[PDB]
Structures are given as structure tokens and as C-alpha cells.
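J.:
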Ligand SMILES: Nc1ncnc2c1ncn2[C@@H]1O[C@H](COP(=O)(O)OP(=O)(O)O)[C@@H](O)[C@H]1O
Ligand SMILES: Nc1ncnc2c1ncn2[C@@H]1O[C@H](COP(=O)(O)OP(=O)(O)O)[C@@H](O)[C@H]1O
């Protein structure tokens with residue numbers, strides 16, 4: 001009955017700070033490693049970041065490298081993600097997802113979902 | 001029956017068993033001397049009331065040096081080193097008990113897991129996994145704690161003996177009345193309550209079964225319950241069975257508390273009665289016997305868990321013991337496959353009149369024949385549980401056939417060459433169960449590493465676009481079976497694990513049943529490309545997922561038909 | 001957080017809670033009175049002269065008593081009468097506690113099981129059975145045993161309060177030393193051993209899962225283990241993980257034994273201290289204060305399990321407690337379906353653009369169109385995971401759709417009539433889960449008896465030729481799922497069970513998967529002939545079973561094509 005709900009990303013002008021908080025429920029939050037994804041207008045999907053079970057090994061992508069720092073709070077069962085600077089692509093609504101969503105097939109999986117927070121920060 | 005014990009323990013195990021046995025006896029002598037050491041010290045302290053009565057201070061302390069109050073303090077701290085020493089020595093003994101029991105938990109279980117690994121796949125098939133798992137990890141905990149309960153029992157019955165010897169060394173009518181009152185209390189609780197302990201204790205097991213069973217059954221007909229809409233016929237059977245489970249449970253928790261409660265009022269009565277015999281009978285030694293009355297106190301304080309643990313290990317030597325050691329040999333003395341020989345496959349894989357079913361199951365084949373040349377990429381279309389996975393279990397080195405030969409280059413598949421024949425095949429079980437570790441170990445299946453053999457495999461299994469984005473790369477923890485790896489990611493890893501063996505035959509076994517529509521065909525083509533240099537057997541539960549298969553064998557109701 | 005309590009328990013569960021809590025306070029006075037009755041009995045047993053002195057013991061000496069030795073013996077049996085009365089008293093108190101705990105294990109679980117039985121079918125599908133099972137018998141188990149711990153905690157801190165107060169009346173410096181020595185040992189052990197108890201105790205929970213998961217993973221890959229042939233790579237990861245699990249367990253069962261082993265040395269030293277300290281001080285009344293030593297002995301001997309049960313209930317008030325009470329307002333206050341109306345079925349079951357998906361998933365349909373006339377005898381041909389049972393569970397009263405009308409004689413299927421429309425459908429599951437009771441109760445689905453309609457059901461389900469050979473016949477305890485009942489006879493009851501409902505639409509849902517063609521064809525032919533006067537939705541998993549089916553709707557990947 002895995003149901004995740006992230007809500008903490010609104011429209012604020014670029015060059016600032018924006019931390020999103022993803023809440024989870026229905027599974028042992030610590031044993032599962034977590035990731036992030038996004039769906040662009042018209043385009044398919046696109047990956048963001050990833051992190052391990054202990055939170056001591058990080059991962060990012062080249063289009064967002066050196067821009068974000070991911071933290072895991074295994075106390076309130078929340079997956080955070082700091083965000084700085086927005087491009088005409090950093091908008092595709094960052095959901096949450098469960099395990100490692102990162103290949104081009106394991107993205108077609110509804111391992112979390114849940115509303116979402118649209119962050120279309122234009123010029 | 002003791003001969004079945006030494007058969008499992010080895011020199012690192014047997015020598016450790018003797019060490020605990022001697023320490024069990026020595027720890028007993030330590031407790032006794034720790035009790036007996038109170039008697040002199042507390043005789044001299046109590047000798048202060050009567051001033052002088054024997055050569056115990058003014059006529060005894062003048063043998064070394066120092067005054068009276070100094071020798072009573074030095075004897076006092078001399079009592080508290082021996083007690084802190086005992087508190088450490090008794091703790092170390094209870095540490096060797098755990099080190100031996102939990103060390104044998106590993107030393108013993110390390111071999112039974114190998115035994116159920118070496119049996120033929122049919123012998124591993126006939127018994128389910130929820131039974132073999134208990135056969136390699138449930139029995140070991142019982143035997144380990146049983147041997148530990150046996151050593152602790154020897155320590156205790158020894159503690160009881162020489163401490164009773166210390167009591168008899170002091171008084172006569174008391175230790176007599178005490179022994180009589182003790183064995184009278186050992187009765188009733190063991191012959192009138194101990195039967196009712198299980199008379200209302202296994203009725204609680206009966207009630208827990210009667211409650212769990214109808215609860216699990218009730219949840220299964222929930223669809224039929226919503227159709228019935230009326231739950232009265234189900235809750236009228238639940239409330240009466242729960243209320244039948246209720247009192248059958250409270251009678252267990254009542255008769256399990258009567259022994260100790262009665263033993264408390266007894267302990268009080270046998271305590272105050274250790275006093276009423278000293279003041280009445282004129283042994284009035286203000287220090288000679290008033291010292292001994294503290295010895296009876298400390299002795300009893302060391303004796304109450306002394307008697308409790310004996311019955312505990314006694315029940316542990318009946319609940320466990322004889323029911324664990326016999327099955328052990330039979331499961332570890334079990335027979336394993338033995339064969340030495342090689343074989344070569346260059347031409348075709350004749351089957352030649354298989355005719356097979358499981359041990360006690362009906363024949364799902366009978367005169368099943370086909371042949372597989374090198375690189376045919378065949379399939380097995382079936383009706384699930386009819387005989388596809390059974391037939392493919394026959395084609396591979398598993399399951400010795402009944403009347404079959406299974407020729408390879410006009411050479412029979414038997415136990416001599418089945419060992420070398422099992423090497424050149426992967427499995428890729430779509431719903432592959434991985435263990436929580438690095439994906440590299442999951443591809444190598446733990447058989448060390450070969451790097452130069454992993455990157456090529458990952459590149460062939462189309463995982464190269466997947467390792468890059470991982471945090472620890474090829475070293476990220478896979479997280480149980482899936483969790484961190486979705487269905488087709490596990491497929492790519494399963495393909496990589498098989499390709500890592502560098503095989504010549506690849507078998508799929510329903511490799512398309514745990515994925516979405518989009519994820520299947522891409523993986524299928526990704527396998528078809530890396531199988532161009534190899535062969536393939538597919539157990540597809542559906543049609544058109546094989547199309548590129550030059551052979552399509554459909555197994556119906558015993559016979560093997562061919563489609564495309 | 002206490003407001004969550006009264007919402008569950010009623011008035012009787014409050015009158016019985018006060019029944020136990022006042023008893024919890026009173027049982028402390030009984031123990032103290034049982035101890036405080038010792039010091040008089042022993043100070044009179046020693047000094048007979050007390051029976052002719054003081055404004056308390058003079059006249060009773062010459063009231064039927066005659067000499068002094070006769071009355072002290074009478075006082076002795078009066079104490080053992082009080083101690084046998086006290087043992088029976090404590091046995092009754094520990095009998096009501098278990099009756100209340102295991103009484104609420106039923107009273108609460110009955111309501112929670114009734115709550116999970118009436119939720120919508122979608123809410124019951126998303127969560128697994130072991131979760132719900134433990135939510136209605138494991139959660140009730142913890143909360144039941146928790147309330148008793150709180151009562152026992154208050155009873156326990158009470159008996160420590162007035163027993164410590166009874167000791168203070170007896171002595172000044174001794175009780176002060178004992179209290180300081182106690183709160184010094186209440187320290188250290190709670191802040192130096194307690195961390196290592198969990199530092200090596202929750203490491204056990206860590207190592208146990210890390211040892212079981214790699215073991216349970218190898219059993220599922222036993223096929224690939226036979227293929228690899230080399231087990232050194234599996235055992236190099238098993239021995240290294242087991243040699244780690246070994247030490248990770250020896251330190252837990254060692255540090256969990258360090259306290260009581262050090263506690264023994266404490267108990268020994270705090271005993272000989274008391275008597276020595278009380279024998280050096282010149283209050284030696286021969287009896288007046290040397291009897292008080294026995295009160296301290298009985299006080300502490302009653303205070304050792306007293307200290308154990310307090311921390312036991314405190315661990316029960318932290319390990320559980322707050323993790324159970326909150327998850328009942330979120331389990332008991334659950335919401336359920338509504339509506340009150342009737343519905344009729346006589347023309348067609350128009351579906352008309354179904355389109356459906358679960359809570360937070362994708363849509364398996366997107367426009368799905370069909371219509372079912374009364375008596376059409378339709379089938380659904382799909383794959384093992386497409387959505388064959390989903391659409392049929394949508395046609396029937398189950399599954400509230402997202403965009404689907406599910407018309408019934410041009411009338412909508414909503415909450416007001418979903419009850420009535422669910423009343424007129426029967427499921428007949430092929431792998432039917434039977435409960436260990438008479439086959440009559442199985443067919444009635446627990447709805448009492450009904451020999452009128454029920455005798456006709458057996459004649460319809462062709463069990464009559466099977467009831468004859470049955471020993472108890474219609475009252476035959478079926479023997480759990482399937483004792484001596486073959487697969488076909490289980491199907492006959494599956495048909496009989498839904499036939500007792502007097503339905504109008506009959507589901508099957510994969511009624512062909514685990515039985516030979518013959519033992520099922522005789523059942524399939526039985527189905528097509530007894531389905532003429534009703535409608536039927538078949539969810540066949542294989543072909544050729546729907547010969548006489550007039551309609552065959554094949555659902556592919558979102559669209560509905562039609563076959564026969
Ligand atoms: N591990 C097992 N233990 C006992 N019986 C089994 C086991 N696996 C399969 N069977 C039985 O053997 C029959 C054939 O099973 P299987 O080989 O899975 O069929 P298929 O070859 O069509 O997949 C089944 O009816 C099943 O009851
Ligand atoms: N009992 C169940 N528990 C968990 N998930 C289920 C269950 N039944 C179905 N599902 C999910 O719903 C989807 C539809 O499967 P299902 O309706 O069982 O198809 P079919 O019954 O035709 O095999 C599956 O992808 C599966 O993940």
C-alpha cells in the first residue's frame with residue numbers, strides 16, 4: 001500500500017534556494033534506498049538524484065551536478081533535496097519514487113507518485 | 001543414544017565441551033567456598049557480643065599482628081574480593097557457555113547447509129523450502145542451547161550437592177527438616193501442577209490453532225464475504241471460537257503462576273522456620289550458630305535459581321534433546337551426488353524417449369522426444385504447471401530421467417558427465433531473488449571477482465547505461481531481491497549473472513511474466529543479440545514473445561507439439 | 001494521549017480496571033502484613049517473658065492458653081495460615097490479571113477483525129494478509145499484555161513503597177545504607193551495562209537479518225547453485241558472514257547475564273553486611289533486633305522480583321505502549337461503505353467505457369466496452385497478470401470504478417444498491433479455502449443450518465455420491481483445506497457454497513489451473529448445465545474450456561476485442 005506524498009516545491013525566482021520534502025509510508029524506510037525523477041512537458045521522463053540506505057553515498061546527474069545536496073532523515077521518514085538555480089527544464093515536477101529509478105525501463109513504475117509540486121521557475 | 005552426540009563435534013568443539021564441564025564443577029566449588037567464607041568472618045563479628053568464648057579473637061588474632069578491629073575489617077574486605085572475584089568468575093563461566101553454544105551454532109550449521117546443497121535437485125524438490133530452512137538453522141539453535149543447558153545443568157546439580165553438603169556440615173535436624181520440606185515442595189508442583197501446566201498449556205496451543213486458523217480462513221473469503229454482505233454467520237463462529245480461545249488461554253497463565261506463588265509462601269515459611277528451631281533448642285551460640293544462620297540464608301539465596309534451572313534444563317532435555325540429535329545425522333548423513341567425467345556438445349541434443357514425472361507424481365510426459373542442434377533458440381509453450389519447467393528441468397543436468405537417455409553428440413546424459421554439463425547454462429529467473437549486497441557480487445554469485453569478465457558482461461547485458469548513475473556504482477547495495485532494482489533491472493542483472501558464467505546454453509523459465517508490456521520486448525531483443533553466439537531455451541507462458549525462435553515446442557497433456 | 005483509551009473500552013472494561021487497580025494497591029498491604037506478622041511472632045517465640053508484660057500481651061496468656069509454649073505454636077500456625085491464605089490470595093490476583101489481558105485479547109480483536117471485514121474491497125486489496133493478521137491478533141496481543149503491565153507496575157511500585165517504609169520503621173542506619181547501596185547499584189548497571197545490552201542487542205537484530213537474508217536467498221537460487229557447481233564462492237560469503245554473526249550473538253547473551261551475576265555478589269555482600277553491621281552495634285537484644293534481620297531477609301527476598309517486575313513493565317510501557325494505542329484510532333475508527341436501497345437485474349449488464357486503475361497506479365483499460373445480457377454465459381480470456389480478475393470484479397458489485405458506469409437495466413450501480421447487487425452474485429473460487437468444520441457449515445458459509453434449501457444444494461453440487469462414502473456425511477469435519485478431499489470434491493463445495501446464497505451471477509476466476517483435464521472436465525460440464533437459468537462470468541486461464549460459452553471477451557492491453 002506504498003503511498004508517498006511530497007509537497008514543498010513552489011514557484012520562486014531562480015538563483016535562490018528550494019528544498020523539497022518527500023514523505024513516505026507503507027514500508028521500512030531505512031532498508032530501501034531512494035531516488036528522484038521528473039516528467040517534462042511533452043518529453044517522457046528524466047532522472048535527478050539517488051542515495052543509499054545509510055545516506056553515506058550520494059549520486060547525481062551531469063545536468064544538475066554540483067548544484068544539489070541530498071540528505072535523508074530516517075527519523076521523520078522524509079527524503080529531502082536541496083535545489084539551487086532553475087533552467088528551462090528544471091521544472092518537470094520532482095515526484096519521489098522508491099528504490100533506484102535510473103535506467104530506461106524501471107522508470108515506468110509507480111513505486112511512489114502522489115500529487116507532486118510543480119516548480120516552473122521561468123526567467 | 002549418546003553415541004549420536006560425538007559424531008558432530010570436532011576437536012575445536014569437543015575440547016571446548018570438556019572445558020565447560022570442568023568449569024561447571026569448579027564454578028560450583030567457587031560458590032560453595034564463597035558461602036563458607038562467611039561463616040568464620042561472621043563468627044568473629046558475632047563473637048563481639050559474647051566478648052570471649054573461644055580462640056577466635058583475643059586468643060586467635062594474636063597469631064600474626066595488628067588489633068581486633070583491624071583483623072575484622074581485613075577479613076571483611078577479604079570477603080568482598082572473593083565475592084567480586086566470584087562475580088567475575090561466574091560471569092566468565094556464563095560467557096564460555098554462550099561462546100560454546102553460539103560457536104557450535106555456526107560450526108554445526110555450516111555443514112548441514114552444504115548437505116542440503118549437495119543432494120540431487122529432486123531431493124531438494126520433494127521437500128519444500130520452508131522445511132529445509134528449518135533443517136539447517138532451526139535444529140542448530142535447539143542443539144546448541146541443549147548442550148549449553150546440559151553443561152549448566154551439571155554446574156547446577158553440582159552447586160546443589162556441595163552446598164547441601166555445606167549445610168549438613170552445620171546442622172542436623174534443620175537440614176533434615178529442610179531436605180524433607182524441599183522434596184515435599186519438589187512434589188505437587190511437579191506431579192499435580194506440572195501435569196496441569198500442559199493440561200491447560202497444550203489446550204492453549206489447541207486454542208491458538210483454533211483461533212489463528214479460522215482467522216486466516218475468514219480473511220480469504222473476504223470477496224465472498226462482500227458478496228454475502230451478511231457477516232453474521234461468520235462472526236457467530238468467530239466470537240464463540242475466540243471466547244473458546246480466551247479461557248483456554250487464561251488457564252495456562254494461571255497454572256503457570258501457581259508454582260512460584262505457592263513457592264513464595266513456602267519460602268517464607270521455610271525461612272522463618274530456620275529461626276524458630278535455633279532459639280528454642282539450646283544451641284544458643286551467639287556467634288557459633290548465629291553465624292551459621294546467615295549461611296543458611298545465603299545458601300537458600302543461591303539455591304532458589306539453583307533448583308529452577310535444573311527443571312528448566314530438564315524440560316530442555318525432554319522438549320529438545322532426543323528429538324533433535326536423531327534427525328541431525330539422518331539429515332547430515334544424507335547421500336549426495338558423486339560423478340567424475342566430461343562431455344562435449346558440438347552437434348545436437350537428442351532427448352530419446354524421456355518418459356518422466358516427479359517422485360510420487362503422475363507422468364507428465366511419457367515417450368517425450370526432441371533434439372536441439374547448437375544455436376536453435378527453441379521455446380516451450382505450455383499451460384503453467386503442466387510440464388514445461390519439468391521438461392526443462394529434465395533437459396538440464398537436473399532430474400535423472402526414468403526411461404530417458406538425453407543424448408549429446410550421440411552420448412548419453414548421465415551422472416558421470418552431468419557435472420560438467422551443468423556448468424555451461426545460466427538461468428535468469430525473471431523474478432530473480434537477489435541478496436542485499438553489491439550488484440557485482442550478485443553477478444559473480446559471490447565467486448570472487450574477475451573484472452575483465454564483468455565489464456564485458458555488463459556491456460552485453462546493457463547494464464553499462466545503469467552502472468554510471470549509481471551512487472556506489474557497481475558497488476551499490478542491491479537491497480534484498482529487488483526494492484532498489486525494479487523488475488527489468490533485476491532482469492538485466494539476471495542476464496549479467498548468467499553471462500558471467502560464459503555459458504553456451506541459456507534458459508529463461510517464464511522470463512516474461514513479471515514485467516510490463518513495454519519492458520519485455522526490449523529485454524528479449526537484448527537477449528537475442530547476446531544469444532547469437534549461443535543457444536537458448538524459452539519457457540514462455542504466452543505466444544509471440546518468441547517469434548524469432550526457429551523452434552516453438554508446445555507441451556500439451558503429455559505430448560510435445562511443434563508450432564513455429 | 002490517554003483520550004484514545006476510553007474510546008475503545010466500555011463501562012464494564014472500566015469497572016474491571018478499577019477492580020484490578022484497587023487490588024493492585026491492596027495486594028501490597030497483604031504482603032507487608034505477611035512480613036510484618038513475622039517480627040512479632042519471632043520476638044515472642046524467643047523471649048517468652050513478653051507474654052507477661054506490656055499493655056498488649058498479658059491477659060491473653062491466661063485465656064485458655066495455660067503455658068507459653070502452647071501459644072507461640074498457635075501463633076506459628078496462624079502465620080502459616082496467613083501465608084497459605086496469602087499464597088491463595090496472590091494466586092487469585094494473578095488469575096484476574098490474566099483473565100483481563102486475555103479477555104481484552106478477544107474483546108478488542110473481535111472489533112478490529114469486524115472493522116477490517118467491512119471496509120471497501122479496494123482498501124483490503126492494497127495491504128497483505130500478514131499485515132492485517134498481525135493487526136488483528138499481534139497488535140491486540142501487545143496492547144492486551146501492556147495494560148496488565150501498567151497495573152502490575154503500579155502494584156509493584158506500591159509494594160516497594162510500603163515495604164521500604166516498613167524497613168525504615170525497623171532500622172535507621174541499615175535502611176539508609178541499603179538505599180544508598182541500592183541507588184548506587186540502580187546506577188552504573190542502568191547506565192554502563194544498559195548501553196552495551198542494546199549496543200550488542202540491536203546489533204543482534206542487525207546480524208540476524210544479515211545472516212538470514214543471505215541464507216534464504218541461496219535457497220531460491222538452488223537451481224543456479226547446481227549450475228554453478230562451485231560453492232566456495234557462496235560459502236566464502238557465508239562463513240565470513242557467520243563468523244561475524246557468531247561473535248555478534250555471544251556478546252548479547254553475555255552482557256544480558258552480566259547484571260544478575262554481578263547482582264549475586266551484590267546480594268551476598270548486602271546480606272553479611274546487614275547482620276555484621278547489626279552484630280557489631282550493641283543493640284544485641286538477643287532477639288529484639290536479631291529478629292529484624294529476618295524481616296530484612298524477607299523484605300529483600302520479596303524485593304528482588306519486585307525490582308524485576310517494575311523494569312519489565314517499564315520495558316513493556318516503552319517497547320510497546322505508544323506504538324499500539326495510536327494505531328487503533330487509525331485501525332478502529334476506520335470508515336466503511338454506506339447506502340440503503342434495492343436493485344433489480346433483468347435486461348443487460350452494460351459496461352460502457354470502463355477505464356480503471358487502483359489507488360496510485362496506471363490505468364489498465366482506457367475505454368473498455370461490453371454488455372452482458374441475462375444468461376449470456378460470457379468468458380474473459382487474458383494473460384497471467386493482464387487484468388482478467390479486475391474487470392470481472394468491476395462488473396460485479398465490487399471495485400468502485402474511476403470512470404465506469406456498470407449499468408444494470410439502465411440503472412447505475414452505486415453505494416445504495418451495491419449491497420443488494422452484491423447479494424445476488426456468487427464467486428465459487430476454484431482453490432477454495434475451507435475451514436475445519438462440517439461440510440454443511442462450509443456450504444452454509446457459517447449461516448447456521450438450513451436443511452430445506454441446503455439439502456437441495458448437495459443434490460445440485462453432486463456431492464451426494466461423495467457424502468455417502470464420507471463417515472460423518474454432511475456433518476463430516478472436512479479436515480482443514482483438503483484432507484481426504486480431492487481437488488474435484490473441493491470444487492463441488494466451492495460450487496455448493498455459493499449456491500447456498502441463491503445468486504444471479506456466477507464468477508469462476510481461473511477455475512482451471514491445478515487439476516487434471518478429466519477431474520476438471522467433469523466439473524466444467526457440470527457448470528455449463530447448471531448455468532442455464534442464470535448468468536455467468538468466467539475468468540478462464542486456458543483455452544477449450546469455454547466451448548458452450550456464447551460470449552468471449554478478450555482484453556488485451558487496454559482494449560477489448562471479442563472472440564467467440
Ligand atoms: N518444489 C516442488 N515440490 C513438490 N512438488 C512440486 C514442486 N514443483 C512442482 N511440483 C509439482 O509438480 C508438478 C509440475 O510442476 P512444474 O514442473 O512447475 O510444471 P511445469 O513444468 O509445467 O512448470 C506440479 O503439478 C506441482 O504440483
Ligand atoms: N492479491 C494481490 N496482491 C497484490 N497485488 C495484486 C494482487 N492481485 C493483483 N495484483 C496486482 O494487480 C495487477 C493485475 O493482476 P491480476 O488482476 O492478478 O491479473 P490476473 O488475475 O489476470 O493474473 C498485477 O500487476 C498485480 O501487481
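Protein chains in written order, with PDB author numbering: chain C, 1 to 123; chain B, 1 to 564; chain A, 1 to 564. Beta carbons: idealized from backbone N, C-alpha and C, even for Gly.
(1) CB of residue 313 of chain A to nearest heavy atom of ligand 1: below 6 Å?
(2) Starting from residue 158 of chain B, follow the alpha helix (DSSP H) in both directions and report where the run begins and ends.
(3) Which residue's Cα is closest to the Cα of residue 535 of chain A: A:372, A:309, A:501, A:460?
(4) Between residue 480 of chain B and residue 436 of chain B, how many whole angstroms is the CB-CB distance? I'm expecting something under 8 Å.
(5) What residues in its chain sit with their C-beta under 7 Å from that of residue 32 of chain B, if we drop five residues either side in the sequence?
(6) Any chance you could list the residues with Cβ under 6 Å from a heavy atom of ligand 2, keeping chain order?
(7) Hey, would you say residue 5 of chain C sits closer than 7 Å to residue 26 of chain C, going by beta carbons?
(8) Thinking residue 294 of chain B and residue 38 of chain B are a contact (beta carbons under 8 Å), I'd like their distance in whole angstroms, please.
(9) So does residue 69 of chain C have its beta carbon nearer than 6 Å to some heavy atom of ligand 1?
(10) First and last residue of the alpha helix (DSSP H) that includes residue 439 of chain B?
(11) Does the distance from the C-beta atom of residue 380 of chain A to that of residue 553 of chain A stay below 7 Å?
(12) So the alpha helix (DSSP H) residue 205 of chain B belongs to, where does it begin and stop?
(13) Check whether the Cβ of residue 358 of chain B lies closer than 6 Å to any heavy atom of ligand 1, and answer yes or no.
(14) Contact defined as beta carbons within less than 8 Å: I believe residue 110 of chain C pairs with residue 360 of chain A. What is the distance between those atoms, to the nearest angstrom?
(15) Could you check where the beta strand (DSSP E) with residue 562 of chain B kicks off and where it finishes?
(16) Please classify residue 228 of chain B as buried or exposed, where buried requires at least 16 other C-beta atoms within 10 Å of its C-beta.
(17) How would you call residue 253 of chain A, buried or exposed, if buried means at least 16 neighbouring beta carbons within 10 angstroms?
(18) Output the distance between the C-alpha atoms of residue 462 of chain B and residue 526 of chain B, rounded to the nearest integer angstrom.
(19) Given a cut-off of 7 Å, decide if residue 318 of chain B and residue 259 of chain B are closer than it, judged by their beta-carbon atoms.
(20) What residues of chain A sit near residue 48 of chain B, judged by a beta carbon separation below 8 Å?
(21) The beta strand (DSSP E) with residue 386 of chain A in it runs from where to where?
(22) Please list the partners that residue 110 of chain C has in chain A, where partner means a Cβ-to-Cβ separation under 7 Å.
(23) Tell me, to the nearest whole angstrom, how far the beta carbon of residue 495 of chain B is from that of residue 428 of chain B; I am working on the premise that it is less than 8 Å.
(24) Taking a contact to mean a Cβ-Cβ separation below 7 Å, would you say residue 219 of chain B touches residue 126 of chain A in this structure?
(25) Tell me which residues share the same chain as residue 387 of chain B and place their Cβ nearer than 8 Å to its Cβ, disregarding the 5 neighbours each side in the sequence.
(26) Can you find a heavy atom of ligand 1 that lies under 6 Å from the Cβ of residue 512 of chain B?
(27) In chain order, which beta strand (DSSP E) runs of at least 3 residues are fully inside the stretch 335 to 370 of chain A?
(28) With respect to 6 Å, is the separation between the Cβ of residue 125 of chain B and the closest non-hydrogen atom of ligand 1 below this value?
(29) When the Cα of residue 80 of chain A is compared with those of B:502, B:561, B:263, which residue comes out closest?
(30) Is any beta-carbon of chain C found at less than 7 Å from that of residue 305 of chain B?
(31) Rounding to the nearest angstrom, what Cα-Cα distance links residue 546 of chain B and residue 512 of chain B in this structure?
(32) When DSSP builds the beta bridges, which residues end up paired with residue 22 of chain C?
(33) So, residue 121 of chain B versus residue 23 of chain B, is the Cβ gap smaller than 7 Å?
(34) Drop a sphere of 10 angstroms on the beta-carbon of residue 53 of chain A, count the other beta-carbons inside from all chains shown, and report buried for 16 or more, exposed for fewer.
(35) So who's on the other strand from residue 379 of chain A, going by DSSP bridges?
T.: In short, the structure shows the following:
(1) no
(2) 129 to 168
(3) A:372
(4) 5 Å
(5) 162, 163, 166
(6) A:382, A:384, A:385, A:386, A:387, A:388, A:389, A:390
(7) no
(8) 6 Å
(9) no
(10) 439 to 444
(11) yes
(12) 202 to 220
(13) yes
(14) 6 Å
(15) 560 to 562
(16) buried
(17) buried
(18) 7 Å
(19) no
(20) 279, 280
(21) Segment: none, residue 386 of chain A is in no beta strand (DSSP E) and carries neither H nor E.
(22) 360, 361, 362
(23) 6 Å
(24) no
(25) 364, 365, 555, 558
(26) no
(27) 348 to 350
(28) yes
(29) B:263
(30) no
(31) 10 Å
(32) C:6, C:79
(33) no
(34) exposed
(35) A:538, A:552
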